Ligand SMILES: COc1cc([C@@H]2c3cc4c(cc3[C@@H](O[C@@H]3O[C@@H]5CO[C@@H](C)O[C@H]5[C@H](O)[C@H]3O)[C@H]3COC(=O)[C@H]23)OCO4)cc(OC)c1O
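Let's start with one chain on its own, the form solved without the ligand, as structure tokens.
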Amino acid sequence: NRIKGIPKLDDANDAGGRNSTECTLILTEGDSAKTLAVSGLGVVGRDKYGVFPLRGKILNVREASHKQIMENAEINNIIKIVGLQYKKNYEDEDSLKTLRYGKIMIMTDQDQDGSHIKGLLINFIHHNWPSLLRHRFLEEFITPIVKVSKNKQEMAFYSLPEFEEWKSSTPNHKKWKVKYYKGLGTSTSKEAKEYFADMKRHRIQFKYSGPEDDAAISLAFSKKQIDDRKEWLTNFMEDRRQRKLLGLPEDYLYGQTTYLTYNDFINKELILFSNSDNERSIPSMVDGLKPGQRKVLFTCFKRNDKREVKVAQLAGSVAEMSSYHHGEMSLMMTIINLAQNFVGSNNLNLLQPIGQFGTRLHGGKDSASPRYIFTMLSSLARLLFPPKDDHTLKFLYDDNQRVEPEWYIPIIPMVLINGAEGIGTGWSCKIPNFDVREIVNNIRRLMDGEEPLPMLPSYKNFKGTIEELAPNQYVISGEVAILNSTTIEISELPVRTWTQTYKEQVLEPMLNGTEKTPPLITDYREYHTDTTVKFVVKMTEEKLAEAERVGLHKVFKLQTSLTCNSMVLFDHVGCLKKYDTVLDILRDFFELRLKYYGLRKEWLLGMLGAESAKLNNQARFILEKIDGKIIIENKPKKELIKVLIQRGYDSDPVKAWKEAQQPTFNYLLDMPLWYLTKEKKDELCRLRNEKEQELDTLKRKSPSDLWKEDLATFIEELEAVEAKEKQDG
């Protein structure tokens, strides 16, 4: 019959019989993957194929208790289906016939999560029966990464570089249709049948090629090789930097390929899972943002909202425009955190916190619902990230959608303005806040060739002191003063100490005592606002005198230590880098930003010239038509084009320049009839001169002059915004 007790298993009809070696067990990533396999199998495929969905996390055998392994239903279910014995050898075909299935095929998405399942399954087999790996047992199901369709013709590519080679070798490639099939669920049931009719082109086998494979699997999953994984990622990022500089493509694993070594899989596919956590948690040094923050900011820039919108509405826009797929709760926190402006949050919030966005009372947690709070860009956001730089950035693609860039390039190092914090896999980042004006001044000093002045951490509206005990080591202190004997006033808490947390953890125990400590204070009264702290504490005269001799800041927990020893950021090329000082961050930023002001000037020169040429033709066309040199009334379109060509009119110069970066007279004839009137004609003629003067002015300006203009514009708006903030408080 069939095995009893596994209702989720589609048992192969020949499994557990004479032809068991010809049977293949398909392990799928969840029920949706199993449904795809069922659709392809049809009826003929049900004799030698079995499908079982992995509806849970495969355990890491290497680092799990024997009790968990013996009670794990998922691990045990695989044992029953394949007929595997916990302690056995499978080096002889005699011992290979006790298995109900001759092959195991893992069917997962071609994303990082799917690779994790593949590796964990590989680790489970390697750690219990490394004999099976020796022969052709473990295999994987693969779908083409990209499909191109045109005129009812379809082609498939199994590697992103292969698709790029096709586009480089195929003119009019933009006339086709592009779809990406890394996820299994993207494929239809009809497409599933097509895959299973050509299983040779959708099957890959895992090959054991030596002890290097055992080392690779050990490196990936052994609990003792944590530091080895750090060097594993370190070499990967440097190898990626070298590969890009040498023009070599990204490391591909699948070609138009039938075999994949275990070592190749670990070092080229499973590595991307760990590097993703670093790439998601550690900000970039160029703009101080993580990809999630960048997606929100990119969405805000693209929307160009002149009026505030609900956070829930903006969150929908980010999901729609930037392909954000990391979760609704994460998206909400990212938007809210970009707008917070309380002491210890951003020194310069890029989004406006219009409503209850959290305060210093609860460390930003006391925010209201996203359906009730509003936000929009700050008036400083587009001054910090100038629109003219967008044309020099590298915008990324999520499948077919153009999304946020690799990084933005602000006019001052934003990573030092609002700080940075993140925990990845092997590295961690912690950078404090610094004064906006001091950073602008140091950028100006570097432009003039002077040495940068030292910078201490600075938090906006913080009323306490920050002192440097030693390089990169600081102590942040609140404010306490003795009003009289028996009374002290606490008027400031240290940075990142929240009002509610201080009252609950410090002052309440001193008033009520605990099981191990008698009360220290007799009373305390609270006089806070939403943005200021005031505690008035009463004490016994003798106990206060003792506290002063010890030190009130120490006794009342008004001191916090801050160490700058883990300033780890992604550099402009995508490699994690440990910055020893904030001046090193500023210097690295300065070189890149100065270079991109040169890039902006080159682009502006070409674009302004094209705009001037376009306006030159437009002004001439209107004037010639009024003068009668060109007649368009009741004239054939073909005749009009010939006249325009004969008279030396140019095709759309802006269009020509854009294609030049890699005839059309519509820019002339699309002009409204309004432009024949005197006033509008004069406006067009004036605009022609202004564009020419604009190009001439730019030709006389160096990249540093443009940088100084942007800094001056930003500073003026900064003073206006900050002055208004004080008036409203």
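One-based numbering along the sequence shown. Each form is matched to the other, and the largest set of C-alpha atoms that superpose within 1.5 Å is called the rigid core.
This next part talks about the form solved in complex with the ligand, which is not shown.
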Is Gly30 a contact residue for the ligand in the deposited bound form, using a 4.5 Å heavy atom cut-off?
yes
Would you classify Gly42 as touching the ligand in the deposited bound form, given a 4.5 Å non-hydrogen atom cut-off?
no
Proximity of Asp580 to the ligand in the deposited bound form, heavy atoms at 4.5 Å
no
Using heavy atoms and a 4.5 Å limit, would one call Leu246 a contact residue for the ligand in the deposited bound form?
no
Report the stretch among 676-684, 692-700, 22-30, 58-66 that approaches the ligand in the deposited bound form to within 4.5 Å, counting heavy atoms only.
22-30
Contact residue in the deposited bound form, from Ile226, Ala470, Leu453, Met329 (heavy atom within 4.5 Å of the ligand):
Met329
Picking from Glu194, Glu489, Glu74, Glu165, the single residue whose non-hydrogen atoms come within 4.5 angstroms of the ligand in the deposited bound form is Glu74
Pick out the residues of 264-290 whose heavy atoms come within 4.5 Å of the ligand in the deposited bound form.
none
Taking the rigid core as reference, which of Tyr459, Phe385, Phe196, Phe556 is displaced at the C-alpha by at least 2 Å between the shown form and the other one?
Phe196
For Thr108, is the C-alpha shift between the shown form and the other one 2 Å or more after core superposition?
yes
How about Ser209 - superposed on the rigid core, does its CA move between the shown form and the other one by 2 Å or more?
yes
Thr531: with the rigid core matched between the shown form and the other one, does its Cα shift 2 Å or more?
no
Note on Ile282-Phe221 C-alpha separation in the deposited bound form, which departs from the shown form by 3 angstroms or more
closer
Check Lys244 against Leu586 at the C-alpha atoms and report closer or farther in the deposited bound form, compared with the shown form; the change is 3 Å or more.
farther
